[PDB]
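Right, one structure below, let's go through it.
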Number of protein chains: 2
Amino acid sequence: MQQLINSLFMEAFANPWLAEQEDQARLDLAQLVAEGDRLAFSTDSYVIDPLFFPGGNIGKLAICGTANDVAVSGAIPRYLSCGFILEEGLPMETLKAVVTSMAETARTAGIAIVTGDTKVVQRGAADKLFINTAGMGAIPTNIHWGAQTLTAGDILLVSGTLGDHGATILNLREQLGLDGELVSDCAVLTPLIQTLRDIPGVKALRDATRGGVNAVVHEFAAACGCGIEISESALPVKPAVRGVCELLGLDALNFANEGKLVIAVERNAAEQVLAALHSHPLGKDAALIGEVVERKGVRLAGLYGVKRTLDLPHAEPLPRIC
Amino acid sequence: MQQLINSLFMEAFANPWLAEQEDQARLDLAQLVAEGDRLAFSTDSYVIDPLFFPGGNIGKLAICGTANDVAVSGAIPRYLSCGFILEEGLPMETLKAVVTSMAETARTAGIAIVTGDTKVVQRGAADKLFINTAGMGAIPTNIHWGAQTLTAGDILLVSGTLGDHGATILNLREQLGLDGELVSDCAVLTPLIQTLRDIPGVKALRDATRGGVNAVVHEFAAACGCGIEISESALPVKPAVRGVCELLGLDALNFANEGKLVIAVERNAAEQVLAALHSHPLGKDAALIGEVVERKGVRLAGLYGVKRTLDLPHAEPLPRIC
């Protein structure tokens, strides 16, 4: 019932902003402005099927994805909101596991869930559980990361292996026989991103969820009016993900990630940035993958250095991967 | 494609924050701090069935509800996020109508939709359309509205008639035979609330959505450690809503409102506050309904001044009223 669900929310997420709260949380603005001059603000909804998977669950994901959307601006995520849409009859055991994981993930990341909402719909009106989170943090005045700034000669990096999350979910949903080898990379990336905070050569940073790295590179190119060239052989792809690629013929560049950055840097900063990423556990597999060029468009270099236009796909590999 | 949906979003909601955006909106903190010392931050999900109804729709509702949750703090709402969950095959005519109403409601209220998300699920996995919005605004330093401040002697008012929204949806969903008599009160309340901004004796404001006025007075009582006594005869209830009460035996105090305030005021300010409310189109039916008292608990005064404990109901009158 509604009262048990509300009690679960309040107990699990309990903090000084949520307690004694009325219709809204009330956040100290002086504290935020002391951290930075801009407030980063993002929202995402989470409709992943299944709810639980190797490496995470919808609840952990709902904190990670939104914390990362904030964190890639250079801001430390501090406050999140949470809206649950529940299907009547969802086992309490399942809801409790999701909420427990959300609360733990937020607690570990130093994030407070300061406000929320729960709606219950009848059986069949929603598939089990959907979550929306919105988040905020203050962007330090000296950090100016954006793709509009990119110019010919800039280097493109990824913080780790590509397509782990997408491949994990595809394997589960389509029963591809790789259970035990694939794991989601779902993680809060703030500690990794903060290694880059004082490095002058860092120019743009984005996480690569829906649409994977392919979407990001196309977004980067559209923003700066320059082209981007990616080396296919330079792409770090785990053996189990390669296995999914082989079976389905689908691109690891198109697979959603839930713990990876695409980073654009000044040419002379590339080795310094790689070293910073390699020093942190979340950046251990970071690699150079490409370059910003004068010639517009996105190209992938295959065999014998042949550069071919890299198209965006028409749809995601499968519905509800995130 | 769902790039049709993303195009609808960007076109309808277009503003400087949404354009050339990467993973997050970026909001000027100095401007917020100059307005107030606290940031009000709220979120609500909207799962109303049906999507369109007399007096509004899910889109207008998604703006109103979240704007109101911010505005009851004293803050002027400035920025909203918007997360859509869409069922595959939802007619574009429906979605366009929803988005248009959202855009027009936001524009009229001077609210910018600065960031968002869309997720699409398969047929049967969600009932047509769900929306989450989160919103923010700065609370002026000199406004200290809070339920915790209430003391014995304070007067309770409502800003209009009770249960119009809930009753409208109940009549539609349960086919009670009152079509054309009932209309939802869905409205952005900021202009009404701002009549009270400079009135010294205003102590607490809440909107009265889920659980209605009954939930608000219970929340007030819990926050301040004082009791609340309500006059049953003083409750303003329209004839058609009374008709729903008569048919179902259900209480207008429990029915959801989507354009009503419950206001607590210093005893001496009651006449001034009532006149201020009556001066605005949205507060014409405002009324005194009770008082805060020393004896703890919530009581309803019936025939012959008999005061009886007013219990909260176990469930909402029906799922998906909001």
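Numbers and lists here come from the model and the stated rules, or from a named source; nothing here is a laboratory result. Backbone-built Cβ (ideal geometry, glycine too); neighbour counts: all protein chains shown.
The residue that is nearest to B:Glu11 (Cα to Cα), counting only those in the range B:125-145 that are among the small types (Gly, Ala, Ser) and more than 7 Å from chain A (Cβ to nearest Cβ), is B:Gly135. Restricted to the range A:122-208, the set of strands (runs of 3 or more DSSP E) holding at least 3 residues that are buried (at least 23 other Cβ atoms within 10 Å of the Cβ) and in contact with a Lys or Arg (Cβ under 8 Å, 6 or more places away or on another chain) comprises A:129-139. Somewhere in the range A:70-79, is a residue among the small types (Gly, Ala, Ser), closer than 26 Å to B:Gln122 by Cβ and in contact (Cβ under 8 Å) with a residue 24 or more places away in the chain? Checked against the condition, which is being among the small types (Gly, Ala, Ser), closer than 26 Å to B:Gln122 by Cβ and in contact (Cβ under 8 Å) with a residue 24 or more places away in the chain, the range A:70-79 yields no hits at all. Does the range B:6-13 include one or more residues that are outside any helix (DSSP H, G or I) and of a type outside the set (A, V, I, L, M)? So far as the range B:6-13 goes, no, none of its residues is outside any helix (DSSP H, G or I) and of a type outside the set (A, V, I, L, M).
Residues in the range A:23-52 that are part of a strand (DSSP E or B), buried (at least 24 other Cβ atoms within 10 Å of the Cβ), within 7 Å of chain B (Cβ to nearest Cβ) and not small (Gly, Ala, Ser): A:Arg38, A:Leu39, A:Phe41, A:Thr43, A:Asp44.
Determine if the range A:53-69 includes at least one residue that is under 26 Å from A:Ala97 (Cα atoms), within 7 Å of chain B (Cβ to nearest Cβ) and part of a helix (DSSP H, G or I). Checked against the condition, which is being under 26 Å from A:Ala97 (Cα atoms), within 7 Å of chain B (Cβ to nearest Cβ) and part of a helix (DSSP H, G or I), the range A:53-69 yields at least one hit.
Considering the range A:9-22, the residues that are farther than 25 Å from B:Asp117 by Cβ and among the hydrophobic types (A, V, I, L, M, F, W, C) include one that is surrounded by the fewest Cβ atoms within 10 Å (Cβ to Cβ), namely A:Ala19. When the range A:301-322 is limited to residues that are in a loop (DSSP other than H, G, I, E, B) and among the hydrophobic types (A, V, I, L, M, F, W, C), the one that is farthest from A:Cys64 (Cα to Cα) turns out to be A:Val306. Filtered by the rule that a residue be β-branched (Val, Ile, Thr) and in a loop (DSSP other than H, G, I, E, B), the range B:70-99 gives B:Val72, B:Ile76. Answer yes or no as to whether A:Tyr79 is buried (at least 20 other Cβ atoms within 10 Å of the Cβ) and out of contact with any helix residue (DSSP H, G or I) (no Cβ under 8 Å at 6 or more places or on another chain). Judged against the criteria, A:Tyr79 is a match.
Pull up the range A:233-284, narrow it to residues that are among the acidic types (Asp, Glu) and either more than 18 Å from the chain's Cα centre (by Cα) or not in a loop (DSSP other than H, G, I, E, B) (or both), then point me to the one that is surrounded by the fewest Cβ atoms within 10 Å (Cβ to Cβ). Among those residues, the one meeting the criterion is A:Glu246.
For the range B:205-214, the count of residues that are among the small types (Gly, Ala, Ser) and more than 28 Å from A:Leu90 (Cα to Cα) is zero. When you scan the range B:203-248, how many residues do you find that are over 18 Å from B:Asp69 (Cβ atoms) and out of contact with any strand residue (DSSP E or B) (no Cβ under 9 Å at 6 or more places or on another chain)? Residues that pass the stated criteria total 14.
Being of a type in the set (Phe, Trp, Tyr), under 19 Å from the mean Cα position of the chain (by Cα) and not assigned by CATH to the domain that holds A:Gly166 is not true of A:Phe9. Hey, could you check the range B:211-224 for residues that are within 12 Å of another protein chain (Cβ to nearest Cβ) and among the small types (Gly, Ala, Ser) and say which is nearest to B:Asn254 (Cα to Cα)? Applying the filter and picking the extreme gives B:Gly211. For A:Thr118, are the conditions met, namely being in contact with a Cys (Cβ under 8 Å, 6 or more places away or on another chain), surrounded by fewer than 24 Cβ atoms within 10 Å (Cβ to Cβ) and closer than 25 Å to B:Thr118 by Cβ? Judged against the criteria, A:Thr118 is not a match. Taken as a whole, the condition of being more than 14 Å from every other protein chain (Cβ to nearest Cβ), closer than 28 Å to B:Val241 by Cβ and without any contact (Cβ under 8 Å) to a residue 60 or more places away in the chain does not apply to B:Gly166. One residue stands out in the range A:148-183 among those that are within 28 Å of A:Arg320 (Cβ to Cβ) and either hydroxyl-bearing (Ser, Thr, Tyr) or not assigned by CATH to the domain that holds A:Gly201 (or both): the one that is farthest from the chain's Cα centre (by Cα), namely A:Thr168.
Considering the range A:80-99, and only residues there that are within 11 Å of chain B (Cβ to nearest Cβ) and without any contact (Cβ under 8 Å) to a residue 60 or more places away in the chain, the residue that is farthest from the chain's Cα centre (by Cα) turns out to be A:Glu88.
Considering A:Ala221, A:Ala234, A:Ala208, the condition of being among the small types (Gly, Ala, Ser) and either touching a residue at least 60 places away in the same chain (Cβ under 8 Å) or in the same structural domain as A:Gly55 (by CATH) (or both) is satisfied by A:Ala221 alone. Counting the residues of the range B:1-33 that are more than 25 Å from A:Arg210 (Cβ to Cβ) and without any contact (Cβ under 8 Å) to a residue 60 or more places away in the chain gives 4. The residues of the range A:273-322 that are more than 14 Å from chain B (Cβ to nearest Cβ) and free of Cβ contacts under 8 Å to residues at least 60 places away in the same chain, listed by number, are A:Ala275, A:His278, A:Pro281, A:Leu303, A:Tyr304, A:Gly305, A:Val306, A:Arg308, A:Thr309.
When B:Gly110, B:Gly59 are checked against the criterion of being without any contact (Cβ under 8 Å) to a residue 40 or more places away in the chain and within 21 Å of the chain's Cα centre (by Cα), B:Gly110 stands alone in meeting it. Counting the residues of the range A:100-115 that are in a loop (DSSP other than H, G, I, E, B), surrounded by 14 or more Cβ atoms within 10 Å (Cβ to Cβ) and more than 14 Å from every other protein chain (Cβ to nearest Cβ) gives 1.
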